[PDB]
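Here are the chains, one letter per residue:
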Protein chains: 2
Amino acid sequence: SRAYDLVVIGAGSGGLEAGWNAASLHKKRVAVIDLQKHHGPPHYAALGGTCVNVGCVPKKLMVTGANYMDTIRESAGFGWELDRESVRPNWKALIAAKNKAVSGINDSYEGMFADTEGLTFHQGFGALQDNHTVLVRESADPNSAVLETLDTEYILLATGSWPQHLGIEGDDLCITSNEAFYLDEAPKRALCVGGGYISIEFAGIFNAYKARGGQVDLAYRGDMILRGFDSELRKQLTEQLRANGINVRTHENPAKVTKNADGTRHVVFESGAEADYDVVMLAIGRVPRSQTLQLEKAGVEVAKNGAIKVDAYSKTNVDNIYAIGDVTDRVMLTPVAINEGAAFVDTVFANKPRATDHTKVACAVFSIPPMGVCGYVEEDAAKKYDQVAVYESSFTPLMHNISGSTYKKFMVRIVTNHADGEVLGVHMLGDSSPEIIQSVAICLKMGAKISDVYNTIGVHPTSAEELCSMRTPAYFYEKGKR
Amino acid sequence: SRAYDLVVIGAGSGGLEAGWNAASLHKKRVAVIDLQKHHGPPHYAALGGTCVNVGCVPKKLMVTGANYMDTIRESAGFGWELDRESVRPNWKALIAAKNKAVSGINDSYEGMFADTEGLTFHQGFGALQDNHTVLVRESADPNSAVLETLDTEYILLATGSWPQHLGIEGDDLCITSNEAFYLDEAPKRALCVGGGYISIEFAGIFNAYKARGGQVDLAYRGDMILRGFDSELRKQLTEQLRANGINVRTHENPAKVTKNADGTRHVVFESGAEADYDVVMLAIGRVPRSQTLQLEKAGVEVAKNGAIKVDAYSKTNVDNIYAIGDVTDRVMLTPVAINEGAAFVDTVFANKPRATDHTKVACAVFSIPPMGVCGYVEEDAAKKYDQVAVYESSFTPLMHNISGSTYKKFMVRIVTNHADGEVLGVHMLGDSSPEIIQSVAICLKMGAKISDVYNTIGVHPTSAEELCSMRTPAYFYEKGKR
Ligand SMILES: Cc1cc2nc3c(=O)[nH]c(=O)nc-3n(C[C@H](O)[C@H](O)[C@H](O)COP(=O)(O)OP(=O)(O)OC[C@H]3O[C@@H](n4cnc5c(N)ncnc54)[C@H](O)[C@@H]3O)c2cc1C
Ligand SMILES: Cc1cc2nc3c(=O)[nH]c(=O)nc-3n(C[C@H](O)[C@H](O)[C@H](O)COP(=O)(O)OP(=O)(O)OC[C@H]3O[C@@H](n4cnc5c(N)ncnc54)[C@H](O)[C@@H]3O)c2cc1C
């Protein structure tokens, strides 16, 4: 058996930051464990994690592909002539290009290991024996061949999460985002089940690569898609997805999925509504991946959902064992998991305890059109503050008066503490909003006030200068109002 | 002589802001004078000024149209299959749509004047007889028919700038950006003379709408284009212009232009090289437009190049005559002129002195690819502070590896005062950098430091995210580079 300072189980966004930082900057002997080295089936994620293999990186490439549907249509207004009846998308080419890109990054991570002192990769399933030794086995099965036993001082769990499935009749006929990245054919008709951002992102990808006459339906249990986002922005996004032809079936949930003779799936909705689809993708949530780790043999314990309970510095109850990223169920985004992996190495190896601030974290939804969002939604702000002011504007860019997509309203909403003037949250809908929100997030982790925003001079013509053009509140909340 | 609180000569960006404010906010009686109500020859600019009519707004529509040449080409990498030989630009469709968009905006300004009691528009050439009477004549000739003689308490001079010409033989065969907005056919071969943002932006418009086998040359008298911008960015923009096929000709200046029998124009350069072009457009400069105002008749000092000299509150030597916008030669951007108009009304009519801060003002170059810049370039900063640190990052977006456009590097450069880490300048090259620099300008107005920047968590995947990723300096200046 070998002796290590650290064993990282999971070589994703968090574990690879942590392991690399511990080995190079702190000259520690570190083992990182993951299931496989190259992206794809059987385990989908691999070296580099979910984001690089089956997450942020392939989905942004595929959403960029999807946007060309609207740009080739919108170019006509600006005088571009082409035979538009000949245009045909080519899913196969998109996936071949995407896989080339993702494998490039995988080969880069292998290089990274050859370049560094005490960092070794170990391929297999990590499971805990006791709080000081982790087993690398042949499969998730507890009775599989144990390949290696690693003796350690500190253990770091960073196994991520996995797609949540529906407990329904014919769940087995449904795919998740994982299989969606390797689909051989673009579906003609497809159902994305779920109201979250992964559902909405894929619905816009399938909508663009479908055969014309095809259809993509987005079915969600609640009233408006995208819980946790600004309610006005959720309302306008819905209509803009509908305007681009996807059918948002609100208050619909699968009940039965049955395979038809010709491979297609037949689905019975909870309303007794029925429809047939080439693909049914569940995008209903992500659960902490912790079940197989045998945490119990080391005394570390979980929450009901599988989340590993951790204090602010990422320490679990057994002290030499820490946990970061999606398995921790704090904020499930790559920059947060990376930040936590770095903070952990200052805390145990540099012995400077850094806790990661999961507050005012900005994020985006690469839907068509996209959203960039940071801080508080007004309902939450109005529960915590006395005087909340909501500022809002909407405009159709002059541009879309000429492209013909007049339904593309840019919307910006800013929530303030009206006593203070401190900007509590900024929520944007429209193109470039993911680019624009990163800088606004610096303004908010700095404590800007609405006077800071309208005293800056605008850069013209941009959509972003609206941020600097809003001075009168639309309405306020003194516990309530609207 | 009649009875006015304010007469504003020049109904443009600054001029109209001040006139609306003085009237609807402070109930003053104000006359706004301009040459023309709608865009187009002979005066090109008209009600709404240069930006609305022959500036920011027409220009930006036209460069978004030009950008379709790249994205239609780039779609192929993402699997969008189409008849590549069918694709052709129609310049007539582009300027027809641009003219309706600008005609809409002109109509709404006439609307504005109907909806506000003390505001009136007077068409003609405004000139001063005395520091309390302004006469609007029929033409710019001092001896022309006086149409109106308005008598006024205050005068606001906001006549903007005009294109600068070359005094060479055949200058009258060249156009400026004014005429380029009404060209009937896109040039097959074109020459853009100048190195500032306006010839850069038109070179990209002409490059995209040219007939195949065409060519646009950019000729500049100096060593490198975009004097006054970050030197690494200028170098990199030149190389990206060349990769998209435009021919950048440094140390090059025309000597004489003659018209060919063909109708095209023959250009002899000062090096002795010759070539023929359909269009030769001069974008060598813009000079303050004070020349026919009769400023000596009111004793107001002009600064040689034409700039009306003013103090921080935009007051001239004559205490009831103020001047704003491009005529004062301070920052020739529409936002700055508007802000100066607002500040002016506060100071004289709301009796609260303001002054525009012309520092940290961000701006954008709508080149293909675009640039977004704010603050000091390192050279200037190095001659004011003892230790300046420069941070930079370059990367090709993943997407540009899939599309053909491998040359499209995104670059961000941050200049810091190394004493406390205060960010003095951020210079970016790449798509969306105009949209990103607007909110970075807010962080800069609030006194941001490099640590504010890397302590914000990123939004992944975005280009803007690179802002939060720069911890270590590339090099420093301790008076000189190190
Ligand atoms: C489709 C999709 C889109 C997303 N898009 C974005 C986006 O645009 N921006 C963003 O910020 N976030 C996005 N996310 C979220 C982001 O991918 C994750 O939050 C982030 O990767 C979490 O990092 P992590 O370190 O917790 O784990 P991960 O990056 O998931 O890595 C965990 C690693 O552990 C390995 N592993 C699992 N169990 C074991 C075991 N027993 N033994 C060994 N190895 C094991 C896995 O194979 C995996 O490689 C997206 C996620 C998905 C699924
Ligand atoms: C092609 C081009 C592109 C530009 N793009 C941008 C951009 O993208 N973003 C940006 O911020 N800035 C841009 N600018 C600069 C911007 O157009 C100007 O800075 C801005 O319009 C200046 O405002 P102003 O109030 O000083 O006067 P202007 O807006 O120029 O208006 C001056 C007015 O005075 C009138 N006039 C002049 N003489 C007389 C007279 N004697 N009697 C009566 N009326 C008179 C003119 O018709 C005109 O309407 C661009 C400029 C050009 C030329």
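Residues numbered from 1 in each chain as written, not as in the entry; some residues may be left out. Chains lettered and ligands numbered in written order. Heavy atoms only, no water. Residues with missing side-chain atoms left out of burial classes, pairs and counts.

What the entry reports as its method is X-ray crystallography, with 2.4 Å given for the resolution.

To continue, consider the site of ligand 1. Taken together, 38 residues lie around ligand 1, and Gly14, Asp34, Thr50, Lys59 and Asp326 of chain A are the ones closest in. Close to ligand 1, residues of chains A and B are found. A distance of 2.8 Å separates an oxygen atom of ligand 1 from a polar atom in the side chain of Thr50 of chain A. The protein chains hide 97% of the 1,000 Å² of surface that ligand 1 would expose on its own. Only helix 1 (13–23), strand 2 (30–34), helix 2 (50–54), helix 3 (56–74), strand 6 (125–130), helix 6 (197–209) and helix 8 (334–350) of chain A provide two or more residues apiece to the shell around ligand 1. Counted by class, the shell around ligand 1 contains 19 nonpolar, 14 polar and 5 charged residues. (Near = heavy atom within 4 Å. Polar contact = N/O pair within 3.5 Å; in protein donor to acceptor, adjacent residues only side chain to side chain. Areas by Shrake-Rupley, 256 points an atom, 1.4 Å probe, with all protein chains shown as cover. Helix = DSSP H or I, 4+ residues; strand = E, 2+ residues; numbered from the N terminus. Nonpolar A, V, L, I, M, F, W, Y, C, P; charged D, E, K, R; others polar.)

Here we come to the nonpolar core. What tends to happen in soluble globular proteins is that the nonpolar side chains get buried as a cluster. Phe206 of chain A together with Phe206 and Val426 of chain B are the most contacted members of the largest nonpolar core, which has 159 residues in total. The residues contacting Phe206 of chain B, other than those within four sequence positions of it, are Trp91, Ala180, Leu183, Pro187, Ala190, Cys192, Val216, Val279 and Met281 of chain B. (Core = buried A, V, L, I, M, F, W, Y, C linked by side-chain atoms within 4.5 Å. Buried < 20%, exposed > 50% of the residue type's maximum accessible area, 1.4 Å probe, protein only. Contact = heavy atoms within 4.5 Å.)

Moving on: the side chain of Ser367 of chain A. All names here are of chain A. Within the fold, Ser367 resides in the loop between strand 19 (363–365) and strand 20 (371–375). A polar side-chain atom of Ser367 sits 2.7 Å from the main-chain carbonyl oxygen of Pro369. Not counting residues up to four positions away in its chain, the partners in contact with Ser367 are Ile200, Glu201 and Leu237.

Quick look at the packing of aromatic side chains now. Summed over all chains, the structure comprises 28 aromatic pairs over all chains. Each ring, one from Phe181 of chain A and one from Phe202 of chain A, has its centre 5.2 Å from the other, and the planes form 70°; the classification is edge-to-face. Here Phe181 of chain A is found in the loop between helix 5 (177–180) and strand 10 (189–193), whereas its partner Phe202 of chain A is found in helix 6, with 21 residues between them in sequence. Here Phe181 of chain A matches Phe202 of chain A in class, with each residue buried. The interplanar angle of 50° and the centroid separation of 5.9 Å between the aromatic rings of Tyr44 of chain B and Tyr182 of chain B together place this pair among those described as tilted. Separated by 138 residues along the polypeptide, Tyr44 of chain B in the loop between strand 2 (30–34) and helix 2 (49–54) and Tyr182 of chain B in the loop between helix 6 (177–180) and strand 10 (189–193) bring together distant segments of the chain. Assessed through its relative accessible area of 13%, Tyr44 of chain B is described here as buried. Given the relative accessible area of 21%, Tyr182 of chain B is considered partly exposed. (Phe/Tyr/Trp six-rings, centres within 6.5 Å; stacked < 30°, edge-to-face > 60°.)

On to the interface of chain A and chain B, then. Taken together, the contact pairs 76 residues of chain A with 75 residues of chain B. Summed over both partners, the interface of chain A with chain B comes to about 6,300 Å²; 71% of that surface belongs to carbon and sulfur atoms. In terms of surface lost to chain B, no three residues of chain A exceed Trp80, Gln438 and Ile457 of chain A, which account for 13% of the buried area on that side. The interface formed by chain A and chain B includes 1 salt bridge. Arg88 of chain B serves as the salt-bridge partner of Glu81 of chain A, at 3.1 Å between the closest nitrogen and oxygen. The tally of links from chain A across to chain B stands at 25 residue pairs in polar contact. For the side of chain A that touches chain B, the element with the most residues is helix 3 of chain A, which contributes 13 residues. Pairing of strand 4 (residues 88–89) of chain A with strand 3 (residues 80–81) of chain B involves 2 bridges; the strand directions are antiparallel. In the strand pairing of strand 3 of chain B, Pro89 of chain A is matched with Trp80 of chain B. (Buried area = accessible area lost by both parts, 1.4 Å probe. Salt bridge = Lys/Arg side-chain N within 4 Å of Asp/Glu carboxyl O. Pairing = 2+ DSSP bridges.)

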